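Residue numbers (full-length UniProt numbering), protein chains in the order written: chain A, 3 to 115; chain B, 1 to 30, 44 to 63, 69 to 77; chain C, 2 to 176; chain D, 3 to 81. Only one structure is covered here, and it is reproduced in the block below.
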Amino acid sequence: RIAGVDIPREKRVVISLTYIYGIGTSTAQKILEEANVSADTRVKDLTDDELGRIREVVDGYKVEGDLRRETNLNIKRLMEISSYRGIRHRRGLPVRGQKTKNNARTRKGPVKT
Amino acid sequence: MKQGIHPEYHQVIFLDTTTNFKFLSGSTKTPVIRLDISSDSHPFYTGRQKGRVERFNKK
Amino acid sequence: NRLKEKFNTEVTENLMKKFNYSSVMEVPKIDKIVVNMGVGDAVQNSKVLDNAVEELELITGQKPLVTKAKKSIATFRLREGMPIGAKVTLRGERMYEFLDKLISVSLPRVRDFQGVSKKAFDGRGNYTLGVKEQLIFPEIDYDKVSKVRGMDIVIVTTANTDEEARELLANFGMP
Amino acid sequence: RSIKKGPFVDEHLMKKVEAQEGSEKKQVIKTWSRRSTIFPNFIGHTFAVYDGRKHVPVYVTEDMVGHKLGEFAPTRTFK
RNA sequence: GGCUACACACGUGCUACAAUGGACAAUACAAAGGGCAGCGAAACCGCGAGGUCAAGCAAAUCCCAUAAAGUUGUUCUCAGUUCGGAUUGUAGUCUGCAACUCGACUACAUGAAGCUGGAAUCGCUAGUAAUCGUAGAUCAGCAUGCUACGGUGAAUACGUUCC
Ligand SMILES: [Mg+2]
Ligand SMILES: [Mg+2]
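Dropping the structure here:
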């Protein structure tokens, strides 16, 4: 565990940190710079000091909770106002102005007919 | 407690090295145990936590 | 026995002042905790219940009682005599230990903690926890989880009233 | 304007809001300018936006500032 | 404002499904084209899209412009993964009289179906298919398309039995 969530043992550090919601490759590299470990390491072999350096760096960064809250609350907000994007969120249709005549199936689900 | 079916439930130590809170109690764990977060290191107990108008005024 | 010594040393006083008690024996105590698992999948796989048993048994420290079917149901393909769940009554030093563990170790390991529920009373002074995941415990290595599963931790009291229960639990350290 | 130039608002609309800045707010303001940005000085007003065949009512709130009037007058009626 | 709708059906292309591969550091070899209130060198700032100052340039002179695939190294280890990069949220840039309807690009975070495709069907006989990038026209801004360009570079075609 690092940020209240497990991470793989056999994946290296830079990659394992990416299995948090909120933390990607860039942030992982920058975190490992700040809490200076090597990227080659693997968390089955890391020590208490290394792991705690990392935890200390990670605590400053919104992740595994507040990030889900930010996203959900932003969407609920734009729905509570009768906005275009929030109408689209309420209907299950694309938001960025794609065309729904064809090829919108991530937001529409599979083919219904 | 029947002799034959219950585990080895022995007294161990819970160390929150983040804030070094060293608590003693039992476990079936198999003596110093590692814990990262706790009632003395977790936000909600400790009470310390880490707007379209104010946003638009800065710009 | 940190929590029990705490109870007898402070909370008896800090509670009897709040509820004008003439005798110590009015004061609340936890008489037991019951820990269930409610395993309905054992119709379809008994290995499930074996894992459940082992995990309650490791968490608490005693072999859980296999509960059984009380009345037979066909929506779930469920016949009387069949095992469902398993329970564990806890009393004494082990109760106070498990409860301090809860307040101090596991609950601060929830994936998305923002507070326990605060209305989880039957109206008489008993408390339940709607747990989601079992690996939240340190005894459980997260690698041996055969199924993420929740639990129920009932807490049973000699308080007649929910507010007395709230104060007791806060004074131990519940949120 | 999605850019360091600062937002966009049409000048006539700004003037009419400053005219309505006496805060009595008896009247709906009429408009066609969906292009405009909403400011915090529009709260508690009632604007009447042109969707293409109707000057439809929209009530302004504080959750509506980094947005546009056009977000609240759907031009496409689909059932 | 709409031609950008969406319960669905078809056509034509792009990205992929991974190890003949992903990421990362070094390094190499082209064509052809365009450029005046237009191409914008170098330097500086910014993680980047870019921005400030500004030189040359109406051309075999200066610019777009460091071609990429490659080669050599490290690392990944056959998993929905370090493949994939949709979708969505945030902070931004450039253009524009204004990017919600309805621009492109960027950074961060998330990480969809997809593990080589049913019946059927298509292109191609050589510098061709296949693959890799590059330029232009329109164009304030927008190109997975259109037209042109070159780099690497196959296998097979017995024969007219049959459609
Ligand atoms: Mg059209
Ligand atoms: Mg990738």
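Idealized CB from N, CA, C, for every residue including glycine.
With a minimum length of 4 residues, the unbroken runs of alpha helix (DSSP H) contained wholly in the stretch 71-105 of chain C fall at 94-102. Between the C-alpha atoms of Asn-38/A and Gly-54/A there is a straight-line separation of about 11 Å. Per DSSP, the unbroken alpha helix (DSSP H) holding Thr-59/B starts and ends at 56-59.
Residue pairing from DSSP places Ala-50/D in a beta bridge opposite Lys-32/D and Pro-59/D.
Under DSSP, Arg-14/A takes part in a beta bridge, and its partners are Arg-44/A.
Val-40/C sits away from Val-89/C, with the two beta carbons spaced by 8 Å or more.
Within the DSSP bridge table, the entry for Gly-131/C names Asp-153/C as partners.
Within a 10 Å sphere around the beta-carbon of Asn-15/C sit fewer than 16 other beta-carbons, which makes this residue exposed. Each of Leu-108/C, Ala-87/C and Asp-153/C was checked against the Cα of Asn-127/C, and the nearest Cα belongs to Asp-153/C. Closer than 9 Å at the C-beta level to chain A, one finds these residues of the stretch 10-30 of chain B: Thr-17 and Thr-18. For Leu-170/C, the enclosing alpha helix (DSSP H) begins and ends at 163-173.
Between the alpha carbons of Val-58/D and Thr-115/A lies a distance of about 34 Å.
Among the residues facing chain D, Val-45/B is not included, as its CB has no counterpart in that chain under 8 Å away. With respect to the C-alpha of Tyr-52/D, the residue from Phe-10/D, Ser-38/D and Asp-65/D having the closest C-alpha is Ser-38/D. Note on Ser-105/C: 16 or more other CB atoms within 10 angstroms of its CB, so buried under the neighbour-count rule. The beta carbon of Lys-5/C is closer than 6 Å to those of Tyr-97 in its chain, skipping five residues each way along the sequence. One alpha carbon belongs to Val-59/A, the other to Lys-71/C, and they sit about 53 Å apart. Sequence-distant Cβ neighbours of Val-44/C in its own chain, meaning closer than 8 Å and more than five residues away, are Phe-77, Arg-78, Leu-79 and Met-83.
Per DSSP, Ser-47/C is one residue of the alpha helix (DSSP H) stretching across 47-61. For the stretch 110-130 of chain C, the residues whose beta carbon sits under 9 Å from a beta carbon of chain A are, in order, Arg-110, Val-111, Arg-112, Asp-113, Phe-114 and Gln-115. For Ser-28/A, there is no enclosing beta strand (DSSP E); the enclosing alpha helix (DSSP H) has its first and last residue at 27-36.
Under the 8 Å criterion on CB atoms, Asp-49/B is classed as interfacial with respect to chain A.
Of the candidates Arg-98/A, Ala-106/A, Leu-75/A and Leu-19/A, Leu-75/A places its Cα closest to the Cα of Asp-65/D. Contact check for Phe-80/D against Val-62/D fails: the beta carbons are separated by 8 Å or more.
Only residues of its own chain outside the window of five on either side were considered, and among them none has a CB closer than 6 Å to the CB of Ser-28/A. Going by C-alpha positions, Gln-135/C is about 10 Å away from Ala-53/C.
Within the stretch 72-99 of chain A, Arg-79, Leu-80, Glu-82, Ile-83, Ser-84, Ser-85, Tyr-86, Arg-87, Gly-88 and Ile-89 place their CB atoms closer than 9 Å to a CB of chain D, listed in sequence order.
Sequence-ordered contacts of the stretch 18-35 of chain C with chain A are nonexistent [C-beta pairs closer than 9 Å].
Residues of chain B whose Cβ lies closer than 7 Å to the Cβ of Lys-102/C are, in chain order, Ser-25. Taking 8 Å as the threshold, the shortest C-beta distance from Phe-74/B to chain D falls below it.
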